[PDB]
Protein chains: 4
Amino acid sequence: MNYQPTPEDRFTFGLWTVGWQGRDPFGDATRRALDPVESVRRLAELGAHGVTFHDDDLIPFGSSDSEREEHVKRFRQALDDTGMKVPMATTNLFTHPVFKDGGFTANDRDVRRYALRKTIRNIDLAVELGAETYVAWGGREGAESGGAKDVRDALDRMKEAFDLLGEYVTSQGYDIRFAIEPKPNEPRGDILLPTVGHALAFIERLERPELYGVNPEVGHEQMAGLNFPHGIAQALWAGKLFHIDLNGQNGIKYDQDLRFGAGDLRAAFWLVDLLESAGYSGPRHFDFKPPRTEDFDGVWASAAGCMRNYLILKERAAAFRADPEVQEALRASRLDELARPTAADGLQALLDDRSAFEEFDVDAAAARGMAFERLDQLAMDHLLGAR
Amino acid sequence: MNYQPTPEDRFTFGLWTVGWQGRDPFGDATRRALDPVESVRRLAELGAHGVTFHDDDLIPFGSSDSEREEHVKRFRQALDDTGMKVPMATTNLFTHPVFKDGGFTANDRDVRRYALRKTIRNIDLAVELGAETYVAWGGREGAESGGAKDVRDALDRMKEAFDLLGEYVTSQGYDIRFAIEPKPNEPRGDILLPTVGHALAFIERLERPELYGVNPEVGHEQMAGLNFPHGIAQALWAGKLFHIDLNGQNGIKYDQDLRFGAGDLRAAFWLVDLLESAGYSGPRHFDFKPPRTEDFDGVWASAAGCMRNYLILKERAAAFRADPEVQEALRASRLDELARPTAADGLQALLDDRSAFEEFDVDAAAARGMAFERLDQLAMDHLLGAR
Amino acid sequence: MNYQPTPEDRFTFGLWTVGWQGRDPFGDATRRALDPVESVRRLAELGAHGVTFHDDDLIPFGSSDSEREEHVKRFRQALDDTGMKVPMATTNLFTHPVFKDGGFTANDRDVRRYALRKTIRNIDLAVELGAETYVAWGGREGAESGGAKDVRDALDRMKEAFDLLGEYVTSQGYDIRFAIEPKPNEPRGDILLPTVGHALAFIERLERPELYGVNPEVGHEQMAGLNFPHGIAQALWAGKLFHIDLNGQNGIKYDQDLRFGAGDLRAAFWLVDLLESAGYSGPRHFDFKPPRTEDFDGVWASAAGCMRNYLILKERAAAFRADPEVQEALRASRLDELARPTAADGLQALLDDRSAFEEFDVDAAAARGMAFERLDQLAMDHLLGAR
Amino acid sequence: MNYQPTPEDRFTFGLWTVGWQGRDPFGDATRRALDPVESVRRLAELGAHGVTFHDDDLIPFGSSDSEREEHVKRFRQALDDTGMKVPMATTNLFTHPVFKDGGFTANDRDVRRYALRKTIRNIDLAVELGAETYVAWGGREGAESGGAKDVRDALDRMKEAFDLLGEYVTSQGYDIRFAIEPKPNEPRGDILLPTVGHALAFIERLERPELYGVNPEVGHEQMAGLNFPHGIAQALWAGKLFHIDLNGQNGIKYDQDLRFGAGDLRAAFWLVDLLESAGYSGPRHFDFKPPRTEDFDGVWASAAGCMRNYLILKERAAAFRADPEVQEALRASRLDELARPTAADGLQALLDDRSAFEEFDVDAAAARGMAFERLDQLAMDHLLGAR
Ligand SMILES: OC[C@H]1O[C@H](O)[C@H](O)[C@@H](O)[C@@H]1O
Ligand SMILES: OC[C@H]1O[C@H](O)[C@H](O)[C@@H](O)[C@@H]1O
Ligand SMILES: OC[C@H]1O[C@H](O)[C@H](O)[C@@H](O)[C@@H]1O
Ligand SMILES: OC[C@H]1O[C@H](O)[C@H](O)[C@@H](O)[C@@H]1O
Ligand SMILES: [Mg+2]
Ligand SMILES: [Mg+2]
Ligand SMILES: [Mg+2]
Ligand SMILES: [Mg+2]
Ligand SMILES: [Mn+2]
Ligand SMILES: [Mn+2]
Ligand SMILES: [Mn+2]
Ligand SMILES: [Mn+2]
């Protein structure tokens, strides 16, 4: 009890998350498939704001136009019945065997064209359902061997695909934006644009860079041992955090997709502190898998746990930042000096400033403790409710 | 014998590499310090093209102007005696205790100003010695705890420092360029700009982005489990491979700095294949540590091994690419199709192309094997000399 | 050409390896299922010595006695037709949803009993087919959360299961032995007995420890960042290398199961050097997955590559050890002294030996270089055929 | 405030922890050396129970007998002044250059003998100071290359060294026991006995195995991506947890030695839950490094944080286990069934039990959810104080 989510909290879930049947590389499904209608209803009951989908989550692959219409009709009626939104959608360019060597960067040109047409079709549908963000996860773009993919060529093809997608949404007058979801590996041995940084750098070479941002996932950066709050900070600094995927992950191993808050709890705390202090206004989207040990009821407890954990961490981070003792510790550690310009007086003033070099007392500066440990223990006490 | 390096091969070494005394976090030095003069002479004898330096490698910290002049004079005479060049230099912003919380992103503003003045001083010296590249390795820019560094503020300070450095070299009319050397961690718990991608993305927000590239290191990207040849390919694609650091590393652990070729041998092969096929013309710089088990003679055998291993891999990669059977396998795997534009016919033609979607035979495409394993075994046979 | 395997080389393959249809967590199958008969025939044609199986690879789960008999009959006729052997078999205690919380350590007692009965049934079949080793891979024994499994209780249950299995084979007079296959994670978040060491230690608490050894897999120890040749050496030292699984893996990430020789090539070289120099006489078993990009022909090229790579590395390691220059380098590095007893003169002689402490010249010893780098470059030259 | 440690809590610290001057591989010291006397006094003031030492922490290397006596005399007076104990001691076989290739497993035989004599000398001193445990950390036992160390030979030498040490303490009638501290890597590329499992397995081949246990360190098992509470559980199961090193670590990277509670907070919670529920009665020893950003006051805040975090986690784990709602959830997840014997009725009864196989309803069992997520969210709510 307490920490009750409401749609105002902007919590969203992929249809593929609570709908995961439990198939893993070594195991058959442990749960029956879910009707997306029932997922929308169960999530709304938990306080979710909305759901997201792959084209093939909502409309089974190979569906006829008649079936397509009826699937969308039922989905639309579930959103109307609940008030749930659809802020984001994405294309499945990874499940069908045809994408075994990739979608946009498949060596076979005809597969690349098919991947683009499959995406364009779903962009139209996502706009009709109100999505503001279209996510691209190039899970099959990569290689297990060095000769199989010329990466420069593949980046050329990747740029062509995203440029074409940008040309398309511009030509329809759509307001939707694109977000690249990086992942370093799995299912490919190495995946192109493996981290937030690589995706941010890639975007700066696109024809219309303002149309594209990142959709970073907690577990994906942690799969490379990276600091996810640091990556988010650089995404925010670049103005490119269009969307975020929240979940949990225990270090460098297979993609776990634990519920948010599990995995690296302290990193979750610093992430929530950053998102709230930066004023991130996008969806708080959970891309997690209820473990296959769970039954139907365990699925919903897992989804509820994601939201609850976000709300607990939100309260603790806010109490941390509002605490006068923390505010004094932050001054003691010179976080206020970190926010001041190094040299607003300009280069020439810096060059003539004898206190910056010729008369800098390097030993007195070096002897100044940063007091980071007392600050960090204050953060821990706040996280744990032990103040 | 065979595989004999010559200065034409552009092999360079940091003074700090063969000069490493063997101090590690758990151990005292195992070798005496080297005079940079003797290192220049011993490396030239091995076939090196040149050496690189930290300011504090060449001139001991705190040196007087008179001592500074004599240190440079002796170094200059060693280069003249040997023909060795100095293509690159860098600032030590990590050893002195004053940098314990960083150089350019230290929370203390006066340390940030000192770090800039220390760098500017060394840029002048590096230009005098002929360096074309100035490397920045922010090894102390980062944190061990989440409250200690606001990363957005720190990126603001990092951008200010690099912009100021760019303003300086512009104001002197220097031709030297900057290269960011990323590293994900160590000595800080997490280091800012942790990978090639993060550095590439950062550079695109600098005031004069054309002045800045990356100096990626084999072991640093492998410390995050990333594919180093992939990262190099994205750097080349962006036109930003200004410099490279070659060494070896066994996966995700402390920074090993093994001689090049040790560590991930196959990744070294694919790296050399990429550098040569892309026509990389910069220095082949080794940033390695002769293990502290080695004596003075073991240092030079280790340095010789770096160059020899590059030359062996260069021969094998070239034989791989020139092999008609490999060239046929590459066509079989459709690497030629990967290099063709996905949709040179334009968006509207793609949208009307029924063979791209409505009449695409997705099952026939999916059943087409990529033949990647036969290609990879050809690469292995070439690497091993087992054709 | 060259490096042609023959059954004398003892190369074996799981039915599940070349038979893998390509289903991964993000993808549908890319190849049709194989009849085990055709796999036996295709592998024999490649020079394999034999095949191994899970109960459910050879007899589909839930088969009737009549179907069971006919499946075995056809399999037996394929072995007779080819000369192939079945040196090892194992139980599938991981695919069926009933094992979602484990087999022998499932929290539900009735599942643990079922797992034992399922294994006992297959031990009888494996003995009939001539298997000398029965492998246990507890892929589902573990947890994603800390409260879900009391590990001490689970080790009690694991010991009970293995003791019962040992009591069973003793009671039938079977000569078959058990081998634990460790894996640190995946499909569980953490797996019990995660490494060779943990399995070796566990075995020493079993009732009849001599009946049990390890079946270490290259990729599984590398998934924990461990040195696989080191782990094999400790298994050999303990006398417990009953079986081995050969494949490739690129560091710490999901279980890749690349063909042997791919992944960490140098670790493969040192492994083959150790297995041959120790005189390992068991099967050279490949537990690999032909990547799902491959078609049927790519499967067999991948299997052929496993064997070829073993044979190349075998030749190079042997040339390394037989080289008089290497033999001299090994003396220079004091590998001969490593093999001599530290104190065959006994404790009291060591205590009175003033040359061991009071008069030990610690600086002269410390100044002695180990010459490890020249030795390692000799190993690299031999591996690469660059002598 | 609250969570105040007392010596009854058995909190101990190495002299090398709070005494760490801040030298890392890239940096000079940031703090002056501490007199062990002042460390004993400052730790006692914080509520510590005792301190531990390397021979060379307490007596500078190469000290004369007169200096040795005076160093011990002053240390003894600090313990008498404070009431602090010395429960454990260890030998520095890693700092001096003579150990660059190892101590007990150095290739040079004379170094191995010296290492044994250096240890034996310190065992006498540790017994005089009251130590119950003597720790061996073979940080230099290992290799950076495959030819440099024959691991079977090295394990022979390691067994000889530990057997000799066991013969020595037996011959003096000492009650002290040995504890192996595993570490997977750093400072060597790979370290022998890399994990708790490998050390446990090694001990079972020693002549007097009952004399030897493990001293596992949180960060060392996490450096291999392993679950530390799982490793502790297997150590407890084997009856070998003689000592423990508590600290924090962020995943797979260099050895961080963060204060306990930092790093993987949830793993710390499950560790404390296990230690308390198993009734571990040994020292709660912190092997951590106050980050080199800290001054003298930051050192003591860091040490205080270790103890405080243990006490908070102890309270929360106890509240978790005592909660009737948690106790009901544990029954719902069948943790009570995990603790029951699988087959106390014996093998033959299991073989005839048709409910264990022929009539086992495998689908009804598989459909039973484990309810692990609701249990884990209860654990999270308890950890966070959000019940
Ligand atoms: O395409 C978007 C989604 O695709 C798959 O579900 C991936 O597992 C997930 O990481 C991503 O958010
Ligand atoms: O500053 C440049 C150099 O600094 C240090 O030597 C780092 O260890 C190295 O990675 C880098 O190349
Ligand atoms: O049960 C034995 C086998 O089971 C599965 O195939 C595992 O993937 C493999 O690692 C193991 O060898
Ligand atoms: O020798 C025992 C101690 O040695 C060193 O201090 C190691 O860093 C530490 O892990 C260990 O506890
Ligand atoms: Mg995602
Ligand atoms: Mg470098
Ligand atoms: Mg296996
Ligand atoms: Mg320790
Ligand atoms: Mn994921
Ligand atoms: Mn490095
Ligand atoms: Mn595997
Ligand atoms: Mn440590």
# chains A, B, ... in the order shown; residues from 1 in each chain; ligands from 1
>>> closest_atom_pairs(of="stretch 65-154 of chain D", to="stretch 161-179 of chain D", cutoff="9 Å", atoms="only C-alpha atoms", output="tab-separated table")
residue	atom	partner	partner_atom	distance
D:104	CA	D:161	CA	6.1
D:105	CA	D:161	CA	8.6
D:112	CA	D:161	CA	8.2
D:113	CA	D:161	CA	8.7
D:116	CA	D:161	CA	6.8
D:119	CA	D:165	CA	8.4
D:120	CA	D:165	CA	7.2
D:123	CA	D:169	CA	8.2
D:124	CA	D:169	CA	9.0
D:126	CA	D:176	CA	8.9
D:127	CA	D:176	CA	7.1
D:130	CA	D:176	CA	8.9
D:131	CA	D:176	CA	6.9
D:132	CA	D:176	CA	4.7
D:133	CA	D:177	CA	4.9
D:134	CA	D:178	CA	4.8
D:135	CA	D:179	CA	4.8
D:136	CA	D:179	CA	6.3
D:137	CA	D:179	CA	8.7
>>> residues_near_ligand(ligand="ligand 5", cutoff="10 Å", atoms="only C-alpha atoms and all ligand atoms", output="PyMOL selection string")
chain A and resi 14+17+135-137+139+181-183+215-220+244-247+255+257+285-288
>>> residues_around(residues="stretch 1-11 of chain D", least_positions_apart="2", cutoff="6 Å", atoms="only C-alpha atoms", output="list in words")
residues 47, 48, 49, 283, 284, 285, 308 and 311 of chain D
>>> residues_around(residues="residue B:297", least_positions_apart="2", cutoff="10 Å", atoms="only C-alpha atoms", output="ChimeraX atom specification")
/B:294-295,299-302 /C:369,371,373-374
>>> write_last_selection(atoms="C-alpha atoms", output="mmCIF file, in the first residue's frame")
data_model
loop_
_atom_site.group_PDB
_atom_site.id
_atom_site.type_symbol
_atom_site.label_atom_id
_atom_site.label_comp_id
_atom_site.auth_asym_id
_atom_site.auth_seq_id
_atom_site.Cartn_x
_atom_site.Cartn_y
_atom_site.Cartn_z
ATOM 1 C CA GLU B 294 59.875 -8.432 -17.608
ATOM 2 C CA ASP B 295 63.330 -6.923 -17.338
ATOM 3 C CA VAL B 299 60.590 -4.510 -22.577
ATOM 4 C CA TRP B 300 62.156 -4.334 -26.032
ATOM 5 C CA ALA B 301 61.019 -7.830 -27.014
ATOM 6 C CA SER B 302 57.491 -6.753 -26.066
ATOM 7 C CA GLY C 369 63.385 -10.955 -15.620
ATOM 8 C CA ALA C 371 61.327 -13.491 -20.115
ATOM 9 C CA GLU C 373 57.110 -11.919 -23.420
ATOM 10 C CA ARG C 374 59.710 -13.579 -25.628
#
>>> atom_distance(atom1="atom 11 (C, counted along the ligand's line) of ligand 4", atom2="atom CA of residue A:378")
28.2 Å
>>> residues_around(residues="stretch 349-355 of chain A", least_positions_apart="2", cutoff="9 Å", atoms="only C-alpha atoms", output="PyMOL selection string")
(chain A and resi 343+345-347+357-361) or (chain B and resi 110+113-114+116-117+120)
>>> write_last_selection(atoms="N, CA, C and O atoms", output="compact mmCIF listing (two decimals), in the first residue's frame")
# COMPACT_ATOMS: atom_id res chain seq x y z
N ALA A 343 35.62 29.49 -17.46
CA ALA A 343 36.36 30.67 -17.91
C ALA A 343 35.43 31.62 -18.67
O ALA A 343 35.62 31.92 -19.85
N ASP A 345 35.49 34.63 -18.24
CA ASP A 345 36.34 35.78 -18.52
C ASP A 345 37.07 35.66 -19.86
O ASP A 345 37.70 36.64 -20.29
N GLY A 346 36.99 34.52 -20.53
CA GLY A 346 37.56 34.37 -21.85
C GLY A 346 38.97 33.82 -21.83
O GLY A 346 39.66 33.79 -20.81
N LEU A 347 39.41 33.41 -23.02
CA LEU A 347 40.69 32.72 -23.17
C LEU A 347 41.86 33.61 -22.76
O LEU A 347 42.75 33.19 -22.01
N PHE A 357 47.88 29.36 -12.85
CA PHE A 357 49.01 28.51 -13.19
C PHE A 357 50.27 28.89 -12.42
O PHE A 357 50.71 28.15 -11.54
N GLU A 358 50.85 30.05 -12.74
CA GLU A 358 52.14 30.42 -12.16
C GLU A 358 52.07 30.52 -10.64
O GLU A 358 53.02 30.13 -9.95
N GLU A 359 50.96 31.02 -10.10
CA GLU A 359 50.77 31.12 -8.66
C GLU A 359 49.64 30.23 -8.13
O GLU A 359 49.10 30.49 -7.05
N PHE A 360 49.27 29.18 -8.86
CA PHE A 360 48.30 28.23 -8.34
C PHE A 360 48.96 27.34 -7.29
O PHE A 360 49.99 26.72 -7.56
N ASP A 361 48.36 27.29 -6.10
CA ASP A 361 48.88 26.46 -5.01
C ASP A 361 48.33 25.06 -5.21
O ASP A 361 47.27 24.69 -4.69
N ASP B 110 38.97 26.23 -9.83
CA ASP B 110 40.37 26.63 -9.99
C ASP B 110 41.21 25.48 -10.52
O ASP B 110 42.19 25.71 -11.23
N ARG B 113 40.72 25.48 -14.32
CA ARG B 113 41.51 26.51 -15.01
C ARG B 113 42.96 26.09 -15.10
O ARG B 113 43.60 26.25 -16.15
N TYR B 114 43.49 25.53 -14.01
CA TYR B 114 44.86 25.03 -14.00
C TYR B 114 45.05 23.93 -15.03
O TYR B 114 46.05 23.91 -15.74
N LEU B 116 43.46 23.53 -17.84
CA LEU B 116 43.52 24.15 -19.16
C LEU B 116 44.87 24.82 -19.39
O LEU B 116 45.46 24.68 -20.47
N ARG B 117 45.40 25.52 -18.39
CA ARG B 117 46.69 26.20 -18.58
C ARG B 117 47.81 25.19 -18.76
O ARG B 117 48.73 25.42 -19.55
N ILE B 120 47.49 23.93 -22.37
CA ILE B 120 47.88 24.93 -23.36
C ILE B 120 49.40 25.04 -23.44
O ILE B 120 49.98 25.11 -24.54
>>> closest_atom_pairs(of="chain C", to="chain D", cutoff="6 Å", atoms="only C-alpha atoms", output="CSV")
residue,atom,partner,partner_atom,distance
C:97,CA,D:366,CA,5.3
C:98,CA,D:366,CA,3.9
C:107,CA,D:338,CA,4.4
C:108,CA,D:337,CA,5.9
C:109,CA,D:342,CA,5.8
C:113,CA,D:356,CA,5.6
C:114,CA,D:356,CA,5.0
C:148,CA,D:372,CA,5.8
C:151,CA,D:233,CA,5.9
C:152,CA,D:237,CA,5.7
C:153,CA,D:339,CA,5.3
C:197,CA,D:198,CA,3.7
C:198,CA,D:197,CA,3.7
C:200,CA,D:201,CA,5.5
C:201,CA,D:201,CA,4.0
C:224,CA,D:224,CA,5.2
C:225,CA,D:224,CA,5.9
C:233,CA,D:152,CA,5.7
C:237,CA,D:152,CA,5.7
C:334,CA,D:107,CA,5.6
C:337,CA,D:107,CA,5.8
C:338,CA,D:107,CA,4.4
C:339,CA,D:153,CA,5.3
C:342,CA,D:109,CA,5.8
C:356,CA,D:114,CA,5.0
C:357,CA,D:114,CA,5.5
C:366,CA,D:98,CA,3.9
C:372,CA,D:148,CA,5.8
>>> select_by_dssp(residues="stretch 96-222 of chain A", states="alpha helix (DSSP H)", output="number ranges by chain")
A: 109-128, 151-172, 196-203, 218-222
>>> atom_distance(atom1="atom CA of residue C:71", atom2="atom CA of residue C:16")
15.8 Å
>>> atom_distance(atom1="atom CA of residue D:315", atom2="atom CA of residue A:298")
27.6 Å
>>> closest_residue(among="D:383, D:44, D:180, D:18", to="ligand 8", atoms="only C-alpha atoms and all ligand atoms")
D:180
>>> closest_residue(among="D:317, D:46, D:51, D:40", to="residue D:78", atoms="only C-alpha atoms")
D:40
>>> closest_residue(among="D:93, D:25, D:20, D:76", to="ligand 2", atoms="only C-alpha atoms and all ligand atoms")
D:25
>>> residues_around(residues="residue B:80", least_positions_apart="2", cutoff="12 Å", atoms="only C-alpha atoms", output="PyMOL selection string")
chain B and resi 37+40-41+44+50+73-78+82-86+129
>>> closest_atom_pairs(of="chain D", to="ligand 2", cutoff="12 Å", atoms="only C-alpha atoms and all ligand atoms", output="CSV")
residue,atom,partner,partner_atom_place_in_ligand_line,distance
D:24,CA,ligand 2,8 (O),11.9
D:25,CA,ligand 2,8 (O),8.9
D:26,CA,ligand 2,8 (O),7.1
D:27,CA,ligand 2,5 (C),10.6
>>> residues_around(residues="residue A:21", least_positions_apart="2", cutoff="7 Å", atoms="only C-alpha atoms", output="list in words")
residues 19, 23, 29, 30, 31, 32 and 33 of chain A
>>> select_by_dssp(residues="stretch 17-230 of chain C", states="strand (DSSP E or B)", output="MDAnalysis selection string")
chainID C and resid 24 27 50:54 85 88:90 133:136 142:143 177:180 190:191 212:214 217
